[PDB]
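Below is one structure, written out as structure tokens; comments come after it.
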Amino acid sequence: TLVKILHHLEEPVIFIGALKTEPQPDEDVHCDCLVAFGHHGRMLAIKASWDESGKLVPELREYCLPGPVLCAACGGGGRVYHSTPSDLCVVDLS
Amino acid sequence: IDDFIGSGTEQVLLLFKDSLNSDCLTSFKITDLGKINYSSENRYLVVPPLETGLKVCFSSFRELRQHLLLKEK
Amino acid sequence: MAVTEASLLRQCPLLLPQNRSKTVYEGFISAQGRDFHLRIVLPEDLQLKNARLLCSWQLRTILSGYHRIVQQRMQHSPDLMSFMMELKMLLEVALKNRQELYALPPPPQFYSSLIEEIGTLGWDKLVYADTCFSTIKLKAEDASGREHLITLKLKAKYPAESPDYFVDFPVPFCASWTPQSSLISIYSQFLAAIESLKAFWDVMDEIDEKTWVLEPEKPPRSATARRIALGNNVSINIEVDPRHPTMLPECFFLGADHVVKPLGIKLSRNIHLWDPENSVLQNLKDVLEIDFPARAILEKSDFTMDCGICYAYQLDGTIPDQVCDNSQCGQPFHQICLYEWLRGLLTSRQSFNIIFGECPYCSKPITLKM
Ligand SMILES: [Zn+2]
Ligand SMILES: [Zn+2]
């Protein structure tokens, strides 16, 4: 010199990242998925489908994982390491 | 109280008396009070499933409480 | 009803006209015992050609990939009534096609009742349980002292519906499930079927031990055929009737035209000496008048019973079975490799399911029956 709305999780966002789902060293991996986290423990995931109607369609999940999520990171091969005040847990999307 | 193993979780160390020897940390007892226990599986088999049962049902509980508040509104 | 005065209430109970002029509908729509938030603004008139339809983000996430269908139904559809009918049925289909997102079990009946039945069973039987408590796998023993596993996959309601039972053994298990029947009932059915088959198991385990199982390798418990090795570069495979194992199985010999004949002739003359009181091996010994080699392995660790075309053992399950009718070659082959080769040749003529040609190594007449 415009801003676009995607989803609105009901709770505060904590971590936004990207994964390599279906992984079938190089620092730039062509990332397949998109991940968001809530505080209250709503996880969101998105992927490309291209199935049934012969068109790319956006595939949304929303998981509700336990406990008030305090942090997270992503690790090699579609893995996300996240933390509740009880325990440190993981999710595998591969 | 600390993690002496390097497992992640804290453990309790208990030292028995100086009548045994005139030496420090002889006659010890390290314990998690779960599985880890050092000194001088139908039980340990179906437990994580049961834990995860609590977690699933705790999520449903809290979800429905959110749901209830929505209906009031 | 006929009029959408009452029919709307009956079929969308939780839609509350907010304005006096029935122009702002709000509230919930039902689906598979699940309410979803919705505000459906109409114009000053009753037109769906033009209407607004806004959601909760849960709702939009679920109707991702039908936004167009939604717009089409708004513009093509007559009234609001049938609009909601179609929308609802569509939500039903969206969810069932995403069935994998569901199944909160009821804990006051589930986790407790399941542990109570595991108590009733005993903790020497169970072998596997998933952290979500969906999949289980159990052991029982034969009188022979064999471990037989059984996987069950249980639903949100186990006692209500039948647990899907997946089991190794060959013939199909049928489980008379009542909601009154339990894990112990089906375990007893499993023991019953087990003790029923034991004879067949005794026969199969006796062959795995005292003979050179060839085609199956660490065979599973569903397998009723057994490709046995006997002499050298001749095999016999046997498929066994699970109900009548001791009874005569279906039998035949692979190998040399000159080797296989006397086996066939001996089989024809002796088969009456077959007797279903004995074991399959004890009957074979007296019918075929021979004893079996027990894994003649280390001596001939590169003798090449292999294809002699691709020079490999084990082509895509297939084994070198087709041989030469010659004392000087005896060179085995694959069905695949010998067909592919002989197809090319001038000399090769095909009758109905057979190809005559020259053996690659020795150039003598060799026959292939597909
Ligand atoms: Zn071959
Ligand atoms: Zn030959």
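Here, A, B, ... name the chains of the structure tokens in the order displayed, residue numbers run from 1 inside each chain, and ligands are numbered from 1 in the same displayed order.
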Write out as a compact mmCIF listing (two decimals) with N, CA, C and O atoms, in the first residue's frame which residues come within 12 Å of segment 4-7 of chain B when counting only C-alpha atoms, dropping same-chain ones fewer than 2 positions away.
```txt
# COMPACT_ATOMS: atom_id res chain seq x y z
N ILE B 1 14.08 -35.65 47.36
CA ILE B 1 13.10 -35.73 46.24
C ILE B 1 13.75 -35.14 44.99
O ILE B 1 14.06 -33.94 45.02
N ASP B 2 13.95 -35.96 43.95
CA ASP B 2 14.43 -35.54 42.60
C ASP B 2 14.38 -36.73 41.64
O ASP B 2 14.01 -37.83 42.08
N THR B 9 10.28 -38.24 35.61
CA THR B 9 9.38 -38.12 36.79
C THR B 9 10.24 -38.11 38.06
O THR B 9 11.25 -38.84 38.07
N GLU B 10 9.83 -37.34 39.08
CA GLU B 10 10.56 -37.23 40.38
C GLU B 10 10.41 -38.54 41.17
O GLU B 10 9.35 -39.20 41.07
N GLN B 11 11.43 -38.87 41.95
CA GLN B 11 11.48 -40.06 42.83
C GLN B 11 11.89 -39.60 44.23
O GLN B 11 12.47 -38.52 44.36
N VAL B 12 11.58 -40.43 45.21
CA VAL B 12 11.97 -40.19 46.62
C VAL B 12 13.13 -41.13 46.94
O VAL B 12 13.05 -42.34 46.62
N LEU B 13 14.19 -40.59 47.55
CA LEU B 13 15.34 -41.36 48.09
C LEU B 13 15.28 -41.31 49.63
O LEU B 13 15.19 -40.19 50.18
N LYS B 29 17.04 -46.42 49.65
CA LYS B 29 15.74 -46.88 49.09
C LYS B 29 15.23 -45.82 48.12
O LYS B 29 14.75 -44.78 48.58
N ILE B 30 15.31 -46.10 46.81
CA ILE B 30 14.82 -45.21 45.72
C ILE B 30 13.47 -45.76 45.28
O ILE B 30 13.41 -46.98 45.00
N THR B 31 12.45 -44.91 45.19
CA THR B 31 11.09 -45.36 44.81
C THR B 31 10.31 -44.23 44.14
O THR B 31 10.42 -43.06 44.60
N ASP B 32 9.60 -44.60 43.07
CA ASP B 32 8.56 -43.81 42.35
C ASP B 32 7.19 -44.03 43.01
O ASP B 32 6.34 -43.15 42.89
N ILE B 36 9.08 -48.21 39.58
CA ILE B 36 10.53 -48.01 39.84
C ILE B 36 10.75 -48.14 41.35
O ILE B 36 10.10 -47.37 42.10
N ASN B 37 11.61 -49.08 41.75
CA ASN B 37 11.92 -49.38 43.17
C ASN B 37 13.25 -50.14 43.24
O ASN B 37 13.28 -51.32 42.83
N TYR B 38 14.30 -49.48 43.73
CA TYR B 38 15.66 -50.06 43.93
C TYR B 38 16.03 -49.95 45.41
O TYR B 38 15.39 -49.13 46.12
```
So that I can see what lies close to residue 67 of chain A, please list as a PyMOL selection string the residues with an atom at most 9 Å from it, counting only C-alpha atoms and leaving out residues fewer than 2 positions away in the same chain. (chain A and resi 39-41+65+69+83-86) or (chain B and resi 55+58-59)
Next, the residues of the selection above should be written as a CSV table (one decimal), in the first residue's frame with N, CA and C atoms.
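Contents of again31.csv, freshly written:
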```csv
chain,number,residue,atom,x,y,z
A,39,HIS,N,-5.8,-23.7,23.6
A,39,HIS,CA,-5.4,-23.8,25.0
A,39,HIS,C,-6.2,-24.9,25.7
A,40,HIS,N,-7.5,-24.9,25.5
A,40,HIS,CA,-8.5,-25.8,26.1
A,40,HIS,C,-8.3,-27.2,25.5
A,41,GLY,N,-7.5,-27.4,24.4
A,41,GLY,CA,-7.1,-28.7,23.9
A,41,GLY,C,-7.8,-29.1,22.7
A,65,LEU,N,-8.3,-33.1,22.3
A,65,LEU,CA,-7.3,-33.8,23.1
A,65,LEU,C,-7.4,-33.3,24.6
A,69,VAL,N,-3.7,-27.5,27.3
A,69,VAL,CA,-2.4,-27.5,26.5
A,69,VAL,C,-1.7,-26.2,26.9
A,83,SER,N,2.1,-30.6,25.7
A,83,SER,CA,2.3,-30.6,27.1
A,83,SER,C,1.0,-30.1,27.8
A,84,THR,N,0.5,-30.9,28.8
A,84,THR,CA,-0.6,-30.6,29.8
A,84,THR,C,0.1,-30.6,31.1
A,85,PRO,N,-0.4,-29.8,32.1
A,85,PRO,CA,0.3,-29.8,33.4
A,85,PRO,C,0.4,-31.1,34.2
A,86,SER,N,-0.3,-32.2,33.7
A,86,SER,CA,-0.1,-33.6,34.2
A,86,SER,C,1.2,-34.2,33.6
B,55,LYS,N,-9.6,-40.2,30.5
B,55,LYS,CA,-9.2,-39.1,29.7
B,55,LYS,C,-10.4,-38.8,28.7
B,58,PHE,N,-13.4,-37.7,30.6
B,58,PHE,CA,-13.2,-36.3,31.1
B,58,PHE,C,-13.4,-35.3,30.0
B,59,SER,N,-12.9,-35.5,28.8
B,59,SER,CA,-13.1,-34.7,27.6
B,59,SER,C,-14.6,-34.5,27.3
```
Got a sec to pull out which chain C residues are within 9 Å of chain B, counting only C-alpha atoms, and send them as a ChimeraX atom specification? /C:27,37,104-107,111,123-124,126,128-133
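Taking only C-alpha atoms, the non-local environment of segment 44-57 of chain A within 6 Å (same-chain residues fewer than 6 positions away omitted) comprises residues 33, 34, 35 and 36 of chain A; 65 of chain C.
Comparing C:299, C:100, C:79, C:164 by their smallest distance to chain A, the closest is C:100 (using only C-alpha atoms).
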Pull out every residue of chain C that has at least one atom within 12 Å of chain A, counting only C-alpha atoms, and report them as a PyMOL selection string. chain C and resi 55-68+95+97-98+100-102+104
Would you please extract all strand (DSSP E or B) residues from segment 88-216 of chain C, as assigned by DSSP on the backbone, and give them as a PyMOL selection string? chain C and resi 126-129+135-141+147-153+164-167+213
Written file, previous selection with N, CA and C atoms, as a tab-separated table (two decimals), in the first residue's frame:
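The result, stored in again_25.tsv:
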```
chain	number	residue	atom	x	y	z
C	126	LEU	N	-6.03	-63.62	28.43
C	126	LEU	CA	-5.86	-62.34	27.66
C	126	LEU	C	-4.41	-62.18	27.17
C	127	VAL	N	-4.24	-61.68	25.95
C	127	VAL	CA	-2.91	-61.40	25.35
C	127	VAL	C	-2.77	-59.93	24.90
C	128	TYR	N	-3.86	-59.21	24.59
C	128	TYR	CA	-3.77	-57.84	24.02
C	128	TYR	C	-4.98	-56.97	24.39
C	129	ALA	N	-4.74	-55.67	24.68
C	129	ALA	CA	-5.77	-54.62	24.90
C	129	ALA	C	-5.23	-53.27	24.45
C	135	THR	N	-9.74	-52.70	20.67
C	135	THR	CA	-9.20	-54.02	20.26
C	135	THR	C	-8.76	-54.81	21.49
C	136	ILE	N	-9.14	-56.08	21.53
C	136	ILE	CA	-8.58	-57.07	22.50
C	136	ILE	C	-8.17	-58.32	21.75
C	137	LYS	N	-7.21	-59.05	22.30
C	137	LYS	CA	-6.83	-60.38	21.79
C	137	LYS	C	-6.58	-61.31	22.97
C	138	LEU	N	-7.12	-62.53	22.88
C	138	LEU	CA	-7.13	-63.52	23.99
C	138	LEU	C	-6.48	-64.80	23.55
C	139	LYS	N	-6.02	-65.54	24.54
C	139	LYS	CA	-5.43	-66.87	24.35
C	139	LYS	C	-6.39	-67.87	24.95
C	140	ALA	N	-6.40	-69.05	24.35
C	140	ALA	CA	-6.73	-70.30	25.05
C	140	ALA	C	-5.69	-71.34	24.68
C	141	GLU	N	-5.69	-72.43	25.44
C	141	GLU	CA	-4.81	-73.59	25.22
C	141	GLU	C	-5.66	-74.73	24.70
C	147	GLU	N	-1.21	-72.43	21.89
C	147	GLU	CA	-1.82	-71.08	22.03
C	147	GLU	C	-2.59	-70.77	20.75
C	148	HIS	N	-3.89	-70.50	20.89
C	148	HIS	CA	-4.77	-70.02	19.80
C	148	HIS	C	-5.27	-68.67	20.24
C	149	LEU	N	-5.05	-67.68	19.40
C	149	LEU	CA	-5.41	-66.30	19.72
C	149	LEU	C	-6.79	-66.04	19.13
C	150	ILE	N	-7.41	-64.98	19.62
C	150	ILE	CA	-8.70	-64.49	19.08
C	150	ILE	C	-8.79	-62.99	19.32
C	151	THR	N	-8.92	-62.23	18.25
C	151	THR	CA	-9.08	-60.77	18.34
C	151	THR	C	-10.56	-60.46	18.34
C	152	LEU	N	-10.92	-59.54	19.20
C	152	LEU	CA	-12.27	-58.99	19.22
C	152	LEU	C	-12.15	-57.50	19.07
C	153	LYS	N	-13.08	-56.94	18.32
C	153	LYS	CA	-13.23	-55.49	18.23
C	153	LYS	C	-14.64	-55.18	18.74
C	164	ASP	N	-17.18	-58.04	17.06
C	164	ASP	CA	-16.68	-58.66	15.81
C	164	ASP	C	-15.47	-59.50	16.18
C	165	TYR	N	-15.58	-60.76	15.84
C	165	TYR	CA	-14.61	-61.80	16.23
C	165	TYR	C	-13.79	-62.16	15.00
C	166	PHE	N	-12.48	-62.06	15.15
C	166	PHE	CA	-11.47	-62.33	14.11
C	166	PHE	C	-10.56	-63.40	14.66
C	167	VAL	N	-10.48	-64.50	13.94
C	167	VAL	CA	-9.78	-65.69	14.47
C	167	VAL	C	-9.03	-66.34	13.32
C	213	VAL	N	7.66	-79.00	5.21
C	213	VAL	CA	6.72	-77.94	4.74
C	213	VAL	C	7.51	-77.01	3.83
```
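Here the question is which of A:88, A:3, A:16, A:80 gets nearest to residue 68 of chain A using only C-alpha atoms, and that residue is A:88.
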Nearby residues, ligand 2, 9 Å, only C-alpha atoms and all ligand atoms, as JSON, numbers by chain: {"C": [323, 324, 325, 326, 327, 328, 329, 330, 331, 332, 358, 359, 360, 361, 362, 363, 364, 365, 366]}
